[PDB]
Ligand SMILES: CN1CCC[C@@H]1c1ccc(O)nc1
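Only one chain is given next, in structure tokens, and it is the form deposited without this ligand.
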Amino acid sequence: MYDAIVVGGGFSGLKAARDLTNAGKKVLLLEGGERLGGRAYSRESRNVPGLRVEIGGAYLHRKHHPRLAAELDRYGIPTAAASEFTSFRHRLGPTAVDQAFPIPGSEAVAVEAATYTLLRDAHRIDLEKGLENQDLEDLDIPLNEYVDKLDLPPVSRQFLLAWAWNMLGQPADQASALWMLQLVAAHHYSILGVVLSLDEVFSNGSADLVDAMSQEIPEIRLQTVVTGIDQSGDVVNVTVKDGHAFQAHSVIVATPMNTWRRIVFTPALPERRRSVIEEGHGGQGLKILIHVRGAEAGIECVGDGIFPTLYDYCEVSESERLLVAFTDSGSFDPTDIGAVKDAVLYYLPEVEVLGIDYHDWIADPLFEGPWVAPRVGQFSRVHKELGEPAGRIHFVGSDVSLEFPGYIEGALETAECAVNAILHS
């Protein structure tokens, strides 16, 4: 049969499948859906005929992501410097200043203090060890309660909250402080670095690299949703919705953490993992592309709106543009366009909304979640364990990366590790 079956056709799965193959193994890639890429997804725009857009993962930074840089280099995939912001319309109160960093000096001493406390806590985290193994339980509290102890003033406090909401894709009352600290550590112990790293984009979309990687996997089955994995025997048996079983010495689960509860594992996974695997992670990130008329180029807005961030995405024509909001799907209904007009108009009262485009990750059975973000309490109970092997079954993907949790990079990184675990044994 096969040396490995890889379940799931996103970047994690794609790298694994290609790497083992180049190692000379016999590998099958099984993809539940009708395309490769998973949460990296360029398509043509619902709003603008002829325009290609990223409806998932978009932004990379080469100094922060060596594994991604080399893929881009390996296949000559051109990147482009992401949108430079030149025009600032914040909702941060009358003392904010319209710059990218809108903190007034009247606030500077407080920022300098809070920055120190913030980074002091982040320095507690050792990245390789896992969040559940370090006595961090005091920090796994709600983000809003934590940011209350920083004694921050209006502009900087609200600025902090807005970006955290955008990044974590959770309202402050649901986001774990520990997890915010984790993203800080992931970035070489930089708060600033967490935002300064959405920095480049693919010039022809993520689909570019998706194709390069697949042009090198020989056996791929789309529309093949896995429903069971069984390793009670000498050889792992992988069973499928409408179709037969496939068999292998080794199985890589490269599907989203929040999907693992819909698969039947034999034996059942280790007791420690089950509860969290059941509940899933709390990530509710929601990314909406907005077709607008009237917006000038290079707009950036941060503020206390239901959209925390709203900024320039693309030029369409000289009257028209796409913008991007982030916010979360628990707090917002993207199908109430009335609400969208309100949210936008809040920052930019002179602009007309022509239409919106997005994908509803949380509702896609193939995904069930956008990017990972633990619920409060979850990742100090179990975290590193989640992406650890259970027998001959391996778990990879951004959702479980310890080094770069959440990013294309971490999908690439958890794969390399599995490929190694297989190759060595």
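Each residue number is its position in the shown sequence, starting from 1.
There is another form of this protein, the form deposited with this ligand bound, and it is not shown here; the text below is about that form.
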Q: Check whether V195 has any heavy atom within 4.5 Å of a heavy atom of this ligand in the bound PDB entry, and answer yes or no.
A: yes
Q: Examine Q247 and determine whether its closest non-hydrogen atom to this ligand in the bound PDB entry is within 4.5 angstroms.
A: no
Q: Give a yes or no for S83: in the bound PDB entry, does one of its heavy atoms lie within 4.5 Å of a heavy atom belonging to this ligand?
A: yes
(Q) Since only the chain is shown here, I'm wondering whether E71 would be in contact with this ligand in the bound PDB entry (any heavy atom pair within 4.5 Å). (A) no
Q. Exactly one stretch in 195 to 203, 124 to 132, 212 to 220, 347 to 355 has heavy atoms within 4.5 Å of this ligand in the bound PDB entry; which is it?
A. 195 to 203
Q.
Given a 4.5 Å distance limit between heavy atoms, list every residue of 42 to 59 close to this ligand in the bound PDB entry, or none if there are none.
A. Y59
